[PDB]
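Text of entry_25.pdb (PDB, N, CA and C atoms) as supplied:
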ATOM      1  N   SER R 153     106.432  83.006 120.726
ATOM      2  CA  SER R 153     106.992  84.325 120.485
ATOM      3  C   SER R 153     107.337  84.476 119.012
ATOM      4  N   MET R 154     107.102  85.678 118.491
ATOM      5  CA  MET R 154     107.391  85.990 117.094
ATOM      6  C   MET R 154     108.031  87.368 117.026
ATOM      7  N   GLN R 155     109.347  87.403 116.827
ATOM      8  CA  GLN R 155     110.065  88.652 116.611
ATOM      9  C   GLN R 155     110.111  88.931 115.116
ATOM     10  N   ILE R 156     109.539  90.060 114.709
ATOM     11  CA  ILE R 156     109.455  90.453 113.309
ATOM     12  C   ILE R 156     109.952  91.883 113.177
ATOM     13  N   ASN R 157     110.454  92.222 111.994
ATOM     14  CA  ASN R 157     110.783  93.600 111.650
ATOM     15  C   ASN R 157     109.925  94.031 110.465
ATOM     16  N   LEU R 158     109.413  95.255 110.524
ATOM     17  CA  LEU R 158     108.494  95.765 109.521
ATOM     18  C   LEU R 158     109.060  97.028 108.890
ATOM     19  N   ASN R 159     108.909  97.142 107.575
ATOM     20  CA  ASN R 159     109.372  98.320 106.856
ATOM     21  C   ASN R 159     108.343  99.434 107.009
ATOM     22  N   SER R 160     108.795 100.594 107.491
ATOM     23  CA  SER R 160     107.872 101.667 107.842
ATOM     24  C   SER R 160     107.172 102.250 106.620
ATOM     25  N   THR R 161     107.854 102.303 105.478
ATOM     26  CA  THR R 161     107.312 102.982 104.307
ATOM     27  C   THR R 161     106.436 102.088 103.439
ATOM     28  N   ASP R 162     106.121 100.874 103.882
ATOM     29  CA  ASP R 162     105.218 100.027 103.118
ATOM     30  C   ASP R 162     103.827 100.655 103.067
ATOM     31  N   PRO R 163     103.181 100.667 101.903
ATOM     32  CA  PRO R 163     101.868 101.307 101.797
ATOM     33  C   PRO R 163     100.771 100.469 102.434
ATOM     34  N   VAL R 164      99.690 101.147 102.808
ATOM     35  CA  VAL R 164      98.495 100.495 103.338
ATOM     36  C   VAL R 164      97.886  99.653 102.222
ATOM     37  N   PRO R 165      97.443  98.427 102.499
ATOM     38  CA  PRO R 165      96.863  97.595 101.437
ATOM     39  C   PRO R 165      95.644  98.253 100.807
ATOM     40  N   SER R 166      95.535  98.119  99.485
ATOM     41  CA  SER R 166      94.394  98.672  98.763
ATOM     42  C   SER R 166      93.155  97.802  98.934
ATOM     43  N   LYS R 167      93.344  96.489  99.067
ATOM     44  CA  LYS R 167      92.223  95.561  99.150
ATOM     45  C   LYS R 167      91.669  95.507 100.570
ATOM     46  N   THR R 168      90.637  96.302 100.840
ATOM     47  CA  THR R 168      89.939  96.207 102.110
ATOM     48  C   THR R 168      88.672  95.367 101.951
ATOM     49  N   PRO R 169      88.321  94.564 102.964
ATOM     50  CA  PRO R 169      89.019  94.351 104.235
ATOM     51  C   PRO R 169      90.012  93.197 104.162
ATOM     52  N   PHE R 170      90.472  92.707 105.311
ATOM     53  CA  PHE R 170      91.391  91.579 105.333
ATOM     54  C   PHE R 170      90.677  90.311 104.882
ATOM     55  N   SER R 171      91.288  89.600 103.935
ATOM     56  CA  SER R 171      90.745  88.353 103.411
ATOM     57  C   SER R 171      91.855  87.314 103.378
ATOM     58  N   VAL R 172      91.550  86.101 103.845
ATOM     59  CA  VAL R 172      92.548  85.035 103.852
ATOM     60  C   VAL R 172      92.906  84.624 102.429
ATOM     61  N   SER R 173      91.913  84.581 101.538
ATOM     62  CA  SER R 173      92.162  84.145 100.167
ATOM     63  C   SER R 173      92.967  85.181  99.393
ATOM     64  N   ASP R 174      92.661  86.461  99.586
ATOM     65  CA  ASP R 174      93.295  87.538  98.832
ATOM     66  C   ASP R 174      94.619  87.901  99.495
ATOM     67  N   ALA R 175      95.720  87.686  98.770
ATOM     68  CA  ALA R 175      97.038  87.993  99.316
ATOM     69  C   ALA R 175      97.264  89.497  99.415
ATOM     70  N   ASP R 176      96.688  90.265  98.491
ATOM     71  CA  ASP R 176      96.891  91.709  98.465
ATOM     72  C   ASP R 176      96.147  92.400  99.602
ATOM     73  N   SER R 177      95.291  91.659 100.303
ATOM     74  CA  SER R 177      94.529  92.191 101.422
ATOM     75  C   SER R 177      95.352  92.307 102.699
ATOM     76  N   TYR R 178      96.538  91.706 102.742
ATOM     77  CA  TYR R 178      97.392  91.764 103.918
ATOM     78  C   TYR R 178      98.819  92.075 103.488
ATOM     79  N   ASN R 179      99.563  92.720 104.386
ATOM     80  CA  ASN R 179     100.959  93.036 104.111
ATOM     81  C   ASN R 179     101.877  91.829 104.226
ATOM     82  N   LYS R 180     101.695  90.987 105.242
ATOM     83  CA  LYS R 180     102.646  89.912 105.480
ATOM     84  C   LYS R 180     101.901  88.698 106.015
ATOM     85  N   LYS R 181     102.361  87.509 105.637
ATOM     86  CA  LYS R 181     101.842  86.255 106.163
ATOM     87  C   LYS R 181     102.978  85.417 106.731
ATOM     88  N   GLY R 182     102.784  84.912 107.954
ATOM     89  CA  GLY R 182     103.741  84.023 108.572
ATOM     90  C   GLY R 182     103.043  82.807 109.154
ATOM     91  N   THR R 183     103.845  81.794 109.474
ATOM     92  CA  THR R 183     103.318  80.536 109.979
ATOM     93  C   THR R 183     104.174  80.045 111.135
ATOM     94  N   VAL R 184     103.516  79.677 112.231
ATOM     95  CA  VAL R 184     104.179  79.082 113.387
ATOM     96  C   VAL R 184     103.415  77.820 113.767
ATOM     97  N   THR R 185     104.135  76.723 113.978
ATOM     98  CA  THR R 185     103.492  75.452 114.283
ATOM     99  C   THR R 185     103.434  75.247 115.791
ATOM    100  N   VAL R 186     102.222  75.109 116.322
ATOM    101  CA  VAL R 186     102.016  74.838 117.734
ATOM    102  C   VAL R 186     101.513  73.405 117.881
ATOM    103  N   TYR R 187     101.493  72.923 119.120
ATOM    104  CA  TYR R 187     101.091  71.556 119.413
ATOM    105  C   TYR R 187     100.057  71.546 120.528
ATOM    106  N   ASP R 188      99.051  70.689 120.380
ATOM    107  CA  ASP R 188      97.958  70.590 121.338
ATOM    108  C   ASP R 188      98.268  69.514 122.381
ATOM    109  N   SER R 189      97.249  69.134 123.159
ATOM    110  CA  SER R 189      97.431  68.134 124.206
ATOM    111  C   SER R 189      97.817  66.771 123.652
ATOM    112  N   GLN R 190      97.239  66.361 122.524
ATOM    113  CA  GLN R 190      97.583  65.089 121.905
ATOM    114  C   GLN R 190      98.726  65.204 120.907
ATOM    115  N   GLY R 191      99.357  66.370 120.806
ATOM    116  CA  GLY R 191     100.534  66.513 119.974
ATOM    117  C   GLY R 191     100.265  66.765 118.509
ATOM    118  N   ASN R 192      98.999  66.876 118.114
ATOM    119  CA  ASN R 192      98.692  67.193 116.727
ATOM    120  C   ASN R 192      99.077  68.633 116.421
ATOM    121  N   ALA R 193      99.648  68.841 115.237
ATOM    122  CA  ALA R 193     100.231  70.125 114.873
ATOM    123  C   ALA R 193      99.160  71.064 114.335
ATOM    124  N   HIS R 194      99.166  72.299 114.830
ATOM    125  CA  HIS R 194      98.299  73.363 114.335
ATOM    126  C   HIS R 194      99.192  74.431 113.717
ATOM    127  N   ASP R 195      99.014  74.683 112.423
ATOM    128  CA  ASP R 195      99.821  75.677 111.716
ATOM    129  C   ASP R 195      99.160  77.047 111.853
ATOM    130  N   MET R 196      99.465  77.742 112.951
ATOM    131  CA  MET R 196      98.955  79.090 113.183
ATOM    132  C   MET R 196      99.448  80.011 112.074
ATOM    133  N   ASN R 197      98.533  80.511 111.247
ATOM    134  CA  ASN R 197      98.883  81.522 110.262
ATOM    135  C   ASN R 197      98.562  82.907 110.802
ATOM    136  N   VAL R 198      99.569  83.774 110.807
ATOM    137  CA  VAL R 198      99.475  85.112 111.373
ATOM    138  C   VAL R 198      99.607  86.108 110.231
ATOM    139  N   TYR R 199      98.636  87.006 110.120
ATOM    140  CA  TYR R 199      98.586  87.989 109.049
ATOM    141  C   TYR R 199      98.808  89.378 109.630
ATOM    142  N   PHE R 200      99.717  90.129 109.016
ATOM    143  CA  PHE R 200     100.027  91.496 109.406
ATOM    144  C   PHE R 200      99.507  92.425 108.320
ATOM    145  N   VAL R 201      98.651  93.368 108.710
ATOM    146  CA  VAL R 201      98.130  94.396 107.816
ATOM    147  C   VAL R 201      98.427  95.739 108.469
ATOM    148  N   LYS R 202      98.737  96.742 107.658
ATOM    149  CA  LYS R 202      98.867  98.094 108.182
ATOM    150  C   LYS R 202      97.490  98.735 108.298
TER     151      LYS R 202
ATOM    152  N   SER B 153     127.261 117.779 106.153
ATOM    153  CA  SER B 153     128.262 118.667 105.583
ATOM    154  C   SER B 153     128.151 118.676 104.066
ATOM    155  N   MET B 154     128.320 119.867 103.493
ATOM    156  CA  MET B 154     128.247 120.063 102.048
ATOM    157  C   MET B 154     129.443 120.912 101.639
ATOM    158  N   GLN B 155     130.365 120.319 100.885
ATOM    159  CA  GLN B 155     131.489 121.047 100.310
ATOM    160  C   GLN B 155     131.268 121.172  98.809
ATOM    161  N   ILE B 156     131.071 122.404  98.341
ATOM    162  CA  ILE B 156     130.732 122.689  96.953
ATOM    163  C   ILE B 156     131.629 123.814  96.454
ATOM    164  N   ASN B 157     131.823 123.875  95.140
ATOM    165  CA  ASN B 157     132.597 124.932  94.504
ATOM    166  C   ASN B 157     131.646 125.873  93.776
ATOM    167  N   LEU B 158     131.785 127.170  94.032
ATOM    168  CA  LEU B 158     130.944 128.192  93.426
ATOM    169  C   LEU B 158     131.777 129.063  92.496
ATOM    170  N   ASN B 159     131.244 129.323  91.305
ATOM    171  CA  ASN B 159     131.955 130.111  90.304
ATOM    172  C   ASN B 159     131.485 131.560  90.364
ATOM    173  N   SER B 160     132.437 132.496  90.336
ATOM    174  CA  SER B 160     132.096 133.908  90.476
ATOM    175  C   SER B 160     131.410 134.459  89.232
ATOM    176  N   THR B 161     131.559 133.789  88.090
ATOM    177  CA  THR B 161     131.029 134.300  86.832
ATOM    178  C   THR B 161     129.590 133.878  86.567
ATOM    179  N   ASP B 162     128.960 133.147  87.481
ATOM    180  CA  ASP B 162     127.584 132.730  87.262
ATOM    181  C   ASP B 162     126.651 133.936  87.360
ATOM    182  N   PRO B 163     125.817 134.177  86.352
ATOM    183  CA  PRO B 163     124.932 135.344  86.392
ATOM    184  C   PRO B 163     123.723 135.111  87.284
ATOM    185  N   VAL B 164     123.159 136.213  87.768
ATOM    186  CA  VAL B 164     121.922 136.184  88.545
ATOM    187  C   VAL B 164     120.782 135.798  87.609
ATOM    188  N   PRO B 165     119.937 134.836  87.980
ATOM    189  CA  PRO B 165     118.848 134.422  87.089
ATOM    190  C   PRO B 165     117.897 135.571  86.780
ATOM    191  N   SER B 166     117.420 135.602  85.535
ATOM    192  CA  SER B 166     116.510 136.659  85.104
ATOM    193  C   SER B 166     115.114 136.465  85.682
ATOM    194  N   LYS B 167     114.639 135.221  85.731
ATOM    195  CA  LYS B 167     113.291 134.941  86.209
ATOM    196  C   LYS B 167     113.247 134.861  87.730
ATOM    197  N   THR B 168     113.440 135.995  88.398
ATOM    198  CA  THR B 168     113.338 136.034  89.846
ATOM    199  C   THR B 168     111.879 135.875  90.276
ATOM    200  N   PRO B 169     111.630 135.233  91.426
ATOM    201  CA  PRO B 169     112.590 134.623  92.356
ATOM    202  C   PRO B 169     112.954 133.195  91.961
ATOM    203  N   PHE B 170     113.554 132.436  92.878
ATOM    204  CA  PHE B 170     113.962 131.070  92.577
ATOM    205  C   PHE B 170     112.744 130.201  92.277
ATOM    206  N   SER B 171     112.841 129.410  91.209
ATOM    207  CA  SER B 171     111.781 128.494  90.803
ATOM    208  C   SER B 171     112.365 127.094  90.702
ATOM    209  N   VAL B 172     111.699 126.124  91.331
ATOM    210  CA  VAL B 172     112.208 124.755  91.337
ATOM    211  C   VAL B 172     112.123 124.135  89.945
ATOM    212  N   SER B 173     111.050 124.424  89.205
ATOM    213  CA  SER B 173     110.883 123.824  87.885
ATOM    214  C   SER B 173     111.798 124.480  86.858
ATOM    215  N   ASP B 174     111.956 125.798  86.938
ATOM    216  CA  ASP B 174     112.703 126.555  85.938
ATOM    217  C   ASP B 174     114.196 126.326  86.148
ATOM    218  N   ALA B 175     114.849 125.737  85.143
ATOM    219  CA  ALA B 175     116.282 125.475  85.240
ATOM    220  C   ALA B 175     117.083 126.770  85.252
ATOM    221  N   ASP B 176     116.637 127.771  84.495
ATOM    222  CA  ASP B 176     117.356 129.036  84.397
ATOM    223  C   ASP B 176     117.177 129.878  85.654
ATOM    224  N   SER B 177     116.279 129.460  86.544
ATOM    225  CA  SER B 177     115.972 130.208  87.756
ATOM    226  C   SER B 177     116.921 129.907  88.907
ATOM    227  N   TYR B 178     117.776 128.895  88.778
ATOM    228  CA  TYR B 178     118.731 128.557  89.824
ATOM    229  C   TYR B 178     120.101 128.330  89.201
ATOM    230  N   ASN B 179     121.139 128.569  90.001
ATOM    231  CA  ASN B 179     122.509 128.424  89.526
ATOM    232  C   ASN B 179     123.080 127.037  89.780
ATOM    233  N   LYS B 180     122.746 126.410  90.907
ATOM    234  CA  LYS B 180     123.225 125.062  91.179
ATOM    235  C   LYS B 180     122.208 124.311  92.024
ATOM    236  N   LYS B 181     122.003 123.040  91.692
ATOM    237  CA  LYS B 181     121.129 122.150  92.439
ATOM    238  C   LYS B 181     121.898 120.907  92.864
ATOM    239  N   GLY B 182     121.799 120.566  94.152
ATOM    240  CA  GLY B 182     122.397 119.356  94.668
ATOM    241  C   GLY B 182     121.380 118.558  95.464
ATOM    242  N   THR B 183     121.665 117.268  95.617
ATOM    243  CA  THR B 183     120.767 116.367  96.324
ATOM    244  C   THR B 183     121.536 115.630  97.408
ATOM    245  N   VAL B 184     121.002 115.654  98.627
ATOM    246  CA  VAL B 184     121.586 114.934  99.753
ATOM    247  C   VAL B 184     120.514 114.028 100.345
ATOM    248  N   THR B 185     120.848 112.753 100.523
ATOM    249  CA  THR B 185     119.908 111.793 101.086
ATOM    250  C   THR B 185     120.177 111.637 102.577
ATOM    251  N   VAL B 186     119.188 111.980 103.393
ATOM    252  CA  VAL B 186     119.296 111.885 104.838
ATOM    253  C   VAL B 186     118.266 110.876 105.336
ATOM    254  N   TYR B 187     118.345 110.562 106.625
ATOM    255  CA  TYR B 187     117.464 109.586 107.245
ATOM    256  C   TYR B 187     116.884 110.160 108.530
ATOM    257  N   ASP B 188     115.578 109.980 108.710
ATOM    258  CA  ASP B 188     114.888 110.441 109.903
ATOM    259  C   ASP B 188     115.060 109.411 111.020
ATOM    260  N   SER B 189     114.254 109.535 112.078
ATOM    261  CA  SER B 189     114.360 108.622 113.210
ATOM    262  C   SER B 189     114.090 107.175 112.817
ATOM    263  N   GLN B 190     113.093 106.929 111.968
ATOM    264  CA  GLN B 190     112.791 105.580 111.508
ATOM    265  C   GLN B 190     113.648 105.146 110.327
ATOM    266  N   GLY B 191     114.461 106.042 109.774
ATOM    267  CA  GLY B 191     115.403 105.659 108.741
ATOM    268  C   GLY B 191     114.912 105.787 107.318
ATOM    269  N   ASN B 192     113.766 106.425 107.101
ATOM    270  CA  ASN B 192     113.286 106.633 105.743
ATOM    271  C   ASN B 192     114.189 107.615 105.006
ATOM    272  N   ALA B 193     114.334 107.403 103.700
ATOM    273  CA  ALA B 193     115.232 108.204 102.879
ATOM    274  C   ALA B 193     114.541 109.493 102.450
ATOM    275  N   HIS B 194     115.125 110.627 102.833
ATOM    276  CA  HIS B 194     114.607 111.949 102.501
ATOM    277  C   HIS B 194     115.625 112.646 101.603
ATOM    278  N   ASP B 195     115.176 113.106 100.436
ATOM    279  CA  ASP B 195     116.065 113.721  99.450
ATOM    280  C   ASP B 195     115.970 115.239  99.556
ATOM    281  N   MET B 196     116.832 115.828 100.385
ATOM    282  CA  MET B 196     116.920 117.283 100.478
ATOM    283  C   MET B 196     117.590 117.834  99.227
ATOM    284  N   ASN B 197     116.872 118.686  98.502
ATOM    285  CA  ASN B 197     117.449 119.405  97.378
ATOM    286  C   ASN B 197     117.913 120.778  97.848
ATOM    287  N   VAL B 198     119.195 121.063  97.644
ATOM    288  CA  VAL B 198     119.817 122.306  98.082
ATOM    289  C   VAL B 198     120.128 123.129  96.842
ATOM    290  N   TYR B 199     119.611 124.352  96.801
ATOM    291  CA  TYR B 199     119.729 125.221  95.639
ATOM    292  C   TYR B 199     120.567 126.441  95.991
ATOM    293  N   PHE B 200     121.640 126.651  95.231
ATOM    294  CA  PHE B 200     122.512 127.811  95.367
ATOM    295  C   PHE B 200     122.227 128.756  94.208
ATOM    296  N   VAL B 201     121.742 129.955  94.524
ATOM    297  CA  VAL B 201     121.380 130.954  93.522
ATOM    298  C   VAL B 201     122.105 132.246  93.875
ATOM    299  N   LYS B 202     122.930 132.742  92.959
ATOM    300  CA  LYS B 202     123.651 133.982  93.208
ATOM    301  C   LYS B 202     122.689 135.163  93.180
TER     302      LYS B 202
END
Translate the structure of the given file into structure tokens.
Amino acid sequence: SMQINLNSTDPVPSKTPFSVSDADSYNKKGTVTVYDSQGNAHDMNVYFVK
Amino acid sequence: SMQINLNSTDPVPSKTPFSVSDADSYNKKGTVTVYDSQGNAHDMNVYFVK
């Protein structure tokens, strides 16, 4: 679960389309660490774009 | 609510009707910041013209 709050007046990103390398291509980046069957950590990166 | 003081000696502007850009076209300008449902800041300009 990821509870987030977003500012309504944030502008739409100018850099289309979404790119992992380009930070300006997304509004927000977050990270949540999940675990698999053998316990190895996967750093799920979640990108929010308007 | 808006509590303002109005002076009886203020003349009627010569450049009728009211013009937002023309300073001589209005007698008093005030600004009130309100919030909509999502809470964005809206600057209502209230103009008192005799």
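From atom CA of residue B:184 back to atom C of residue B:162, the distance works out to 23.2 Å.
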Please write out chain B, superposed on chain R by least squares over all C-alpha atoms matched in order, as a tab-separated table (two decimals) with N, CA and C atoms, in the frame of the given file.
chain	number	residue	atom	x	y	z
B	153	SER	N	106.59	82.91	120.98
B	153	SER	CA	107.24	84.18	120.70
B	153	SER	C	107.43	84.35	119.20
B	154	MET	N	107.20	85.58	118.73
B	154	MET	CA	107.34	85.92	117.32
B	154	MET	C	108.14	87.22	117.24
B	155	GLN	N	109.35	87.13	116.69
B	155	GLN	CA	110.17	88.31	116.42
B	155	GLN	C	110.21	88.54	114.92
B	156	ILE	N	109.62	89.65	114.47
B	156	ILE	CA	109.47	89.96	113.06
B	156	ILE	C	109.91	91.40	112.83
B	157	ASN	N	110.31	91.71	111.60
B	157	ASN	CA	110.70	93.06	111.21
B	157	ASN	C	109.60	93.65	110.33
B	158	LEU	N	109.15	94.85	110.66
B	158	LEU	CA	108.10	95.54	109.93
B	158	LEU	C	108.67	96.78	109.25
B	159	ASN	N	108.32	96.97	107.99
B	159	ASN	CA	108.83	98.10	107.21
B	159	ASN	C	107.80	99.23	107.23
B	160	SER	N	108.28	100.46	107.46
B	160	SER	CA	107.37	101.59	107.58
B	160	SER	C	106.78	102.00	106.24
B	161	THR	N	107.40	101.60	105.13
B	161	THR	CA	106.96	102.03	103.81
B	161	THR	C	105.90	101.12	103.20
B	162	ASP	N	105.46	100.09	103.91
B	162	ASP	CA	104.44	99.20	103.36
B	162	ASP	C	103.10	99.93	103.30
B	163	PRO	N	102.45	99.96	102.14
B	163	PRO	CA	101.18	100.68	102.02
B	163	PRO	C	100.02	99.88	102.60
B	164	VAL	N	98.98	100.60	102.99
B	164	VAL	CA	97.74	99.99	103.46
B	164	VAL	C	97.06	99.32	102.27
B	165	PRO	N	96.62	98.07	102.39
B	165	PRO	CA	95.99	97.39	101.26
B	165	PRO	C	94.73	98.11	100.79
B	166	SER	N	94.53	98.12	99.47
B	166	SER	CA	93.38	98.79	98.89
B	166	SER	C	92.10	98.00	99.12
B	167	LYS	N	92.17	96.67	99.00
B	167	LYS	CA	90.99	95.83	99.14
B	167	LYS	C	90.69	95.54	100.61
B	168	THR	N	90.27	96.56	101.35
B	168	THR	CA	89.88	96.36	102.74
B	168	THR	C	88.56	95.59	102.81
B	169	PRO	N	88.38	94.76	103.85
B	169	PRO	CA	89.30	94.45	104.94
B	169	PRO	C	90.29	93.34	104.58
B	170	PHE	N	90.95	92.75	105.57
B	170	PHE	CA	91.93	91.71	105.31
B	170	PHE	C	91.26	90.48	104.70
B	171	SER	N	91.87	89.94	103.65
B	171	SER	CA	91.38	88.75	102.97
B	171	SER	C	92.49	87.71	102.95
B	172	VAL	N	92.17	86.49	103.36
B	172	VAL	CA	93.18	85.43	103.42
B	172	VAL	C	93.62	85.02	102.02
B	173	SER	N	92.69	84.97	101.07
B	173	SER	CA	93.04	84.53	99.72
B	173	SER	C	93.79	85.62	98.96
B	174	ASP	N	93.38	86.88	99.13
B	174	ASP	CA	93.93	87.99	98.37
B	174	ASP	C	95.31	88.33	98.91
B	175	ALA	N	96.33	88.18	98.05
B	175	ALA	CA	97.70	88.48	98.47
B	175	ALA	C	97.88	89.97	98.72
B	176	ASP	N	97.22	90.81	97.93
B	176	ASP	CA	97.37	92.26	98.06
B	176	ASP	C	96.62	92.79	99.27
B	177	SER	N	95.82	91.94	99.91
B	177	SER	CA	95.01	92.34	101.05
B	177	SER	C	95.76	92.28	102.38
B	178	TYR	N	96.96	91.71	102.40
B	178	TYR	CA	97.74	91.63	103.63
B	178	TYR	C	99.18	92.03	103.33
B	179	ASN	N	99.86	92.55	104.35
B	179	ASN	CA	101.23	93.01	104.20
B	179	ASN	C	102.25	91.93	104.52
B	180	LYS	N	101.99	91.08	105.51
B	180	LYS	CA	102.92	90.00	105.82
B	180	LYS	C	102.15	88.80	106.38
B	181	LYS	N	102.55	87.61	105.95
B	181	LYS	CA	101.99	86.36	106.43
B	181	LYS	C	103.10	85.47	106.97
B	182	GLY	N	102.90	84.94	108.18
B	182	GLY	CA	103.83	84.00	108.77
B	182	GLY	C	103.09	82.77	109.27
B	183	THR	N	103.84	81.69	109.43
B	183	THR	CA	103.27	80.42	109.87
B	183	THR	C	104.05	79.90	111.06
B	184	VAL	N	103.32	79.56	112.13
B	184	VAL	CA	103.92	78.97	113.32
B	184	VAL	C	103.22	77.65	113.61
B	185	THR	N	104.00	76.60	113.80
B	185	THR	CA	103.44	75.28	114.09
B	185	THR	C	103.46	75.04	115.60
B	186	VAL	N	102.28	74.86	116.18
B	186	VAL	CA	102.14	74.63	117.60
B	186	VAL	C	101.53	73.24	117.80
B	187	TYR	N	101.48	72.81	119.06
B	187	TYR	CA	100.97	71.50	119.42
B	187	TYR	C	99.97	71.62	120.56
B	188	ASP	N	98.84	70.93	120.42
B	188	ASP	CA	97.81	70.92	121.44
B	188	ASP	C	98.17	69.90	122.52
B	189	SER	N	97.19	69.56	123.37
B	189	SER	CA	97.44	68.62	124.45
B	189	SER	C	97.87	67.25	123.95
B	190	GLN	N	97.24	66.75	122.88
B	190	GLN	CA	97.61	65.46	122.30
B	190	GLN	C	98.78	65.56	121.33
B	191	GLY	N	99.25	66.76	121.02
B	191	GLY	CA	100.44	66.92	120.22
B	191	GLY	C	100.23	67.03	118.73
B	192	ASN	N	98.98	67.20	118.28
B	192	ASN	CA	98.73	67.39	116.86
B	192	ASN	C	99.28	68.73	116.40
B	193	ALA	N	99.75	68.77	115.15
B	193	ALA	CA	100.38	69.96	114.60
B	193	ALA	C	99.33	70.92	114.08
B	194	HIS	N	99.31	72.13	114.63
B	194	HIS	CA	98.38	73.18	114.25
B	194	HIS	C	99.17	74.33	113.65
B	195	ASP	N	98.81	74.73	112.43
B	195	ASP	CA	99.54	75.77	111.70
B	195	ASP	C	98.82	77.11	111.85
B	196	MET	N	99.19	77.87	112.88
B	196	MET	CA	98.66	79.21	113.06
B	196	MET	C	99.28	80.14	112.02
B	197	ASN	N	98.43	80.74	111.19
B	197	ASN	CA	98.87	81.77	110.26
B	197	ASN	C	98.63	83.14	110.89
B	198	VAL	N	99.70	83.92	111.00
B	198	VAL	CA	99.66	85.24	111.62
B	198	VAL	C	99.85	86.28	110.53
B	199	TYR	N	98.89	87.20	110.42
B	199	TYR	CA	98.87	88.19	109.36
B	199	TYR	C	99.05	89.58	109.95
B	200	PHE	N	100.07	90.29	109.47
B	200	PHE	CA	100.35	91.67	109.85
B	200	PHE	C	99.94	92.57	108.70
B	201	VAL	N	98.96	93.44	108.95
B	201	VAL	CA	98.42	94.34	107.94
B	201	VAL	C	98.47	95.76	108.51
B	202	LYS	N	99.18	96.65	107.83
B	202	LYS	CA	99.28	98.03	108.29
B	202	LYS	C	97.94	98.74	108.10
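Atom C of residue R:165 is found 6.6 Å from atom N of residue R:177.
Between atom CA of residue B:201 and atom CA of residue B:188 lies a distance of 27.0 Å.
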Under the rule that only C-alpha atoms are counted, which of B:163, B:176, B:168, B:154 is the nearest residue to residue B:197?
B:154
Any chance you could resolve the PyMOL selection byres ((chain B and name CA) within 9 of (chain R and name CA)) against this file and give the residues as a list in words?
residues 190, 191 and 192 of chain B
Residue selection dump (N, CA and C atoms) as a PDB file, in the coordinates of the input:
ATOM      1  N   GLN B 190     113.093 106.929 111.968  1.00  0.00           N
ATOM      2  CA  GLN B 190     112.791 105.580 111.508  1.00  0.00           C
ATOM      3  C   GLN B 190     113.648 105.146 110.327  1.00  0.00           C
ATOM      4  N   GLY B 191     114.461 106.042 109.774  1.00  0.00           N
ATOM      5  CA  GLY B 191     115.403 105.659 108.741  1.00  0.00           C
ATOM      6  C   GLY B 191     114.912 105.787 107.318  1.00  0.00           C
ATOM      7  N   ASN B 192     113.766 106.425 107.101  1.00  0.00           N
ATOM      8  CA  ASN B 192     113.286 106.633 105.743  1.00  0.00           C
ATOM      9  C   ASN B 192     114.189 107.615 105.006  1.00  0.00           C
TER      10      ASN B 192
END
Which of R:202, R:153, R:158, R:194 sits closest to residue R:178 [using all atoms listed in the file]
R:202
Give as a list in words each residue that has an atom at most 7 Å from (115.2, 122.8, 92.2) in the file, counting all atoms listed in the file.
residues 171, 172, 173, 174, 181, 197, 198 and 199 of chain B
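Counting only C-alpha atoms and comparing R:175, R:157, R:167, R:183, the residue that lies closest to residue R:196 is R:183.
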Where atoms are absent from stretch 167-175 of chain B, fill them in so it carries N, CA, C and O atoms, then output it as a CSV table (one decimal), in the coordinates of the input.
chain,number,residue,atom,x,y,z
B,167,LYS,N,114.6,135.2,85.7
B,167,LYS,CA,113.3,134.9,86.2
B,167,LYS,C,113.2,134.9,87.7
B,167,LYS,O,113.0,133.8,88.3
B,168,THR,N,113.4,136.0,88.4
B,168,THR,CA,113.3,136.0,89.8
B,168,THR,C,111.9,135.9,90.3
B,168,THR,O,111.0,136.3,89.6
B,169,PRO,N,111.6,135.2,91.4
B,169,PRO,CA,112.6,134.6,92.4
B,169,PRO,C,113.0,133.2,92.0
B,169,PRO,O,112.7,132.8,90.8
B,170,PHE,N,113.6,132.4,92.9
B,170,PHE,CA,114.0,131.1,92.6
B,170,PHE,C,112.7,130.2,92.3
B,170,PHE,O,111.7,130.2,93.0
B,171,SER,N,112.8,129.4,91.2
B,171,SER,CA,111.8,128.5,90.8
B,171,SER,C,112.4,127.1,90.7
B,171,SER,O,113.4,126.9,90.1
B,172,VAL,N,111.7,126.1,91.3
B,172,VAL,CA,112.2,124.8,91.3
B,172,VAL,C,112.1,124.1,89.9
B,172,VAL,O,113.0,123.4,89.5
B,173,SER,N,111.0,124.4,89.2
B,173,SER,CA,110.9,123.8,87.9
B,173,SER,C,111.8,124.5,86.9
B,173,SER,O,112.4,123.8,86.0
B,174,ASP,N,112.0,125.8,86.9
B,174,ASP,CA,112.7,126.6,85.9
B,174,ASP,C,114.2,126.3,86.1
B,174,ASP,O,114.7,126.7,87.2
B,175,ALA,N,114.8,125.7,85.1
B,175,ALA,CA,116.3,125.5,85.2
B,175,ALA,C,117.1,126.8,85.3
B,175,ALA,O,118.1,126.9,85.9
